[PDB]
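Starting off, we have a lone chain in the form deposited in one PDB entry, written out as structure tokens.
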């Protein structure tokens, strides 16, 4: 299987590439680096836009391009952009901002990514969860874990015995939600979205989460990406640095 992928540039030009089943985002980026003669910095990425849903996310570099794009409908408005998103590897540049001199940064990342298991940032706090099909939001206290977003049930304790799972990351991508304040009466526009890659239109299965703060959004998007992708994210970063 092969797809023609139209990659949309910052200057509104487009580059069409023949992409076979074996190509990762990493390979498409390498191709674009050669064609564009860009500085090859670590922030350059493929970036998926859903115009209809008004959601968007970075492709991770290890992701299979055909697999991602095969979820798109026949009449899709979805686009792939080539752009700089300095948020994508923020944790690797500045681990102190999620978990400083170079030596202490290196020690922190070694501790967090190079052990037997990944150490996810100790992230917890209240977010607003959108009610399914309604312009209505509910404040809920959430806890980040490697496997998913967890919560304490009413009358229970904050322990591994009692923690209940809201959502697992395994079958869900994380996206930025755009204009959720206007569309759905979100308290703010600092929103992220969890949905199965296969969902391409309006659906109750899409989960909308609003943060009070721009900082809170940044913490949660980075944190969930660390949790979902784990060591692969670190490997992705190492591969990117070698090209810069």
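Residues that one form lacks are left out of the comparison. Residue numbers count along the first chain shown, from 1. Definition used throughout: the rigid core is the maximal C-alpha set that superposes within 1.5 Å between two forms.
There is another form of the same protein, the form deposited in another entry; it is not shown, and what comes next is about it.
After superposition on the rigid core, the C-alpha displacement between this form and the one not shown reaches 2 Å or more for just one residue among 85, 93, 156, 139, namely 156. Cα of residue 159 to Cα of residue 115: at least 3 Å longer in the other entry than in the shown structure. Note: the CA-CA distance for residue 154 and residue 186 contracts in the other entry relative to this form, by 3 angstroms or more. Core-superposed comparison between this form and the one not shown: one run of at least three consecutive shared residues with Cα shifts of 2 Å or more is located, at 152-163.
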